[PDB]
Amino acid sequence: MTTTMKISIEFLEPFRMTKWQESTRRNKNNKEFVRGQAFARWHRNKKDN
RNA sequence: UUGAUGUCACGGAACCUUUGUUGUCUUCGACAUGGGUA
């Protein structure tokens with residue numbers, strides 16, 4: 001038993017997004033991935049392009 | 001397209017340094033033209 005709460009966020013400013021990286025590099029040892037953890041994330045449909 | 005008992009990323013000024021500068025009197029006299037004649 002759960003209740004779903006529809007959430008929308010309206011940005012009043014340009015928001016920051018983090019650069020895409022390989023799933024091999026999405027760990028605490030990669031500085032760039034950790035530094036961008038508070039930003040938005042880009043999703044790739046396919047890893048190649 | 002996240003994972004969860006732990007995110008100061010509003011935690012970080014694209015910032016700092018380079019002269020569109022230099023040189024020149026709005027001045028002034030000899031031609032122009034191609035043959036023609038035998």
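The chains referred to below are lettered A, B, ... by the order of the sequence lines, with proteins before strands, and numbering in each begins at 1.
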K.L.:
Starting from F11(A) and following side-chain heavy-atom contacts under 4.5 Å between hydrophobic residues (I, L, V, M, F, W, Y), which residues can be reached?
P.N.:
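Traced through the cluster, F11(A) reaches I9(A), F15(A).
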K.L.:
Determine which pairs satisfy side-chain hydrogen bond (donor to acceptor under 3.5 Å, both in side chains) with at least one residue from residues 2-12 of chain A, sequence neighbours left out, and list them in order.
P.N.:
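For residues 2-12 of chain A, and leaving out neighbouring residues, there are no side-chain hydrogen bond (donor to acceptor under 3.5 Å, both in side chains) pairs at all.
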K.L.:
Who pairs with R41(A) by side-chain hydrogen bond (donor to acceptor under 3.5 Å, both in side chains), at least two apart in sequence or on another chain?
P.N.:
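Only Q37(A) meet the side-chain hydrogen bond (donor to acceptor under 3.5 Å, both in side chains) criterion with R41(A).
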K.L.:
Could you tabulate the donor-acceptor pairs under 3.5 Å formed by side-chain atoms of residues 16-23 of chain A, not counting sequence neighbours?
P.N.:
unit_1 : atom_1 : unit_2 : atom_2 : d
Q21(A) : OE1    : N30(A) : ND2    : 2.3
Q21(A) : NE2    : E32(A) : OE1    : 3.3

K.L.:
Hydrophobic side-chain clustering at under 4.5 Å (ILVMFWY, transitive links): who's grouped with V34(A)? Put none if nobody.
P.N.:
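Joined to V34(A), directly or through intermediates: none.
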K.L.:
For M1(A), which fellow cluster members are found when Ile, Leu, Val, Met, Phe, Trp and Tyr are connected by side-chain heavy-atom distances below 4.5 angstrom, either directly or through intermediates?
P.N.:
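Same cluster as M1(A): nobody, lone residue.
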K.L.:
Under 6.0 Å from the CZ atom of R25(A), do we count more than 12 heavy atoms belonging to anything else shown?
P.N.:
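No, because the 6.0 Å sphere around CZ of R25(A) holds 12 heavy atoms or fewer from other groups.
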K.L.:
Only pairs at least two apart or in different chains count here, so list each ring-ring contact (aromatic ring centres under 6.0 Å, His included) that has a residue in residues 28-49 of chain A.
P.N.:
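Qualifying pairs, neighbours excluded: none.
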